[PDB]
Amino acid sequence: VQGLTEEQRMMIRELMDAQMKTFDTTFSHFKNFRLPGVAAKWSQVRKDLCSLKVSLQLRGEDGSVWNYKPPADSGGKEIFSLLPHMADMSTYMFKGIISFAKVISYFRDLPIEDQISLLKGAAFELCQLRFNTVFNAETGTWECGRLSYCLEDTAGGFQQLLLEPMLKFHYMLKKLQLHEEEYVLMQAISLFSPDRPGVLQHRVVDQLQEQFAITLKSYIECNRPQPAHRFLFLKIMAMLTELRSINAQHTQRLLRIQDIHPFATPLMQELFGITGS
Ligand SMILES: C[C@]12CC[C@@H]3c4ccc(O)cc4CC[C@H]3[C@@H]1CC[C@@H]2O
Ligand SMILES: ClC1=C(Cl)[C@]2(Cl)[C@@H]3[C@@H](Cl)[C@@H]4O[C@@H]4[C@@H]3[C@@]1(Cl)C2(Cl)Cl
C-alpha cells in the first residue's frame, strides 16, 4: 500500500496513470506495418545486423498464423529484410513514449526545448523498458499481442545469446520480477536524466530525477522485505546505467546501417538527429 509520503504516492499514481493511458499492451492499434517481402562499412553493418536474429509470427483474429524465418547472411541485401518492419514497430513504440511523457506534469512543466532534448535522449531506453514487460524469458519471445518476436535458437544456446548486451539486459531485467510501479519509475528516471545532449534546465531535471529515484528506493523499502530483493534499488540503478550504454551502442549501429541502407522513419530521423539533407 504505502510507507511513502503523499507526494511520493501521488508521483507514482501520475506515472502509473500515464502508463495506463499510453501503453497499448495488446498492440491493438499497431497496423499498416511493412513486412519482409514475399566498403569496410558493410563488414561492420553485417556484424551489426546479425547481432539480433528473430523469427516473426502473426496470429490472425480468425485463428490463422503467419510465420517468418529470416535468411542467413549470404553476402547481400537480404540482411535488410526486417528493417522496414522493425522501423514501423519502433515508430509505434516511440509514439507511445512521447504520449507518456506529454501527460506527465513534471514533464509538461519543462521548457519545450528540454522536452525535445529529454525525449531524443531517452526514447530508446523507455522503449526497451516497455518491451521488457512483454518479454517472455522462458520462450525467448517478445509477446506483442498478435505479433511475436522469437529469438532464433542458435549454436551456443541461451548463454551465447546473453553475450549480446541487449539480450543480456532483457533476461537480467526480467529476472528481477519488477512491479508495474517499478518499471514506470525506471522510465521516469531514464526520461529525467539531466545530462542528455542539449538540456538547459540541468538543475531542475536533476532534482526531478532524484525525487523519482528516492520514490523508487522508498517504494522498494516499504513493499519488498524479502532477502531476494536486497540491493534491488541498486541493481535497478545499475541496469539503467547499462541501458544508457546499450542506447549509445545501438544509436551507432543505427547510424551506420542508415548510412548505407536508409530505412529510418521520419519520427526516427527526428529523434536521432537526421535533418533530411
Ligand atoms: C538492433 C539493431 C541496431 C539498432 C536498430 C534500431 C535502432 C533504433 C530503432 O528505433 C529501430 C531499430 C531497428 C533496427 C535495429 C538493428 C537490428 C539489428 C541491430 O543489432
Ligand atoms: Cl532490439 C529489438 C528489436 Cl529488433 C525488437 Cl523486434 C524491437 C525493435 Cl522494433 C526496437 O529495437 C526495439 C525492440 C527489440 Cl528489444 C525487439 Cl527484440 Cl522487441
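Note that chain A is numbered according to Swiss-Prot, with residues 140-177, 196-434 shown in order.
Using the three backbone atoms N, Cα and C, a Cβ is placed for every residue, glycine included.
The hyperforin binding site feature in Swiss-Prot is assigned to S247, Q285, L286, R287, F288, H407.
Excluding the listed site residues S247, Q285, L286, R287, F288, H407, the same chain places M250, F281, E282, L283, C284, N289 with Cβ atoms within 8 Å of the centre of the hyperforin site Cβ atoms. Largest Cα to Cα distance within the recorded hyperforin binders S247, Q285, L286, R287, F288, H407: about 17 Å as a whole number.
By the rule that a residue counts when its Cβ sits under 6 Å from some atom of ligand 2, the binding-site residues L286, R287, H407 yield nothing. With respect to ligand 1, the binding-site residues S247, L286, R287, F288 contribute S247 as residues with a C-beta closer than 6 angstroms to one of its atoms, given in sequence order. Within the same chain, residues at least six positions away from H407 (hyperforin binding site) with a Cβ under 8 Å of its Cβ are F281, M323.
All chains included, 22 other C-beta atoms sit within 10 angstroms of the C-beta of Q285 (hyperforin binding site). Residues within less than 8 Å, Cβ to Cβ, of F288 (hyperforin binding site) and separated from it by at least 6 positions along the same chain comprise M250, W299, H327. Cβ neighbour count within 10 Å across all protein chains ranks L286 highest among the binding-site residues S247, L286.
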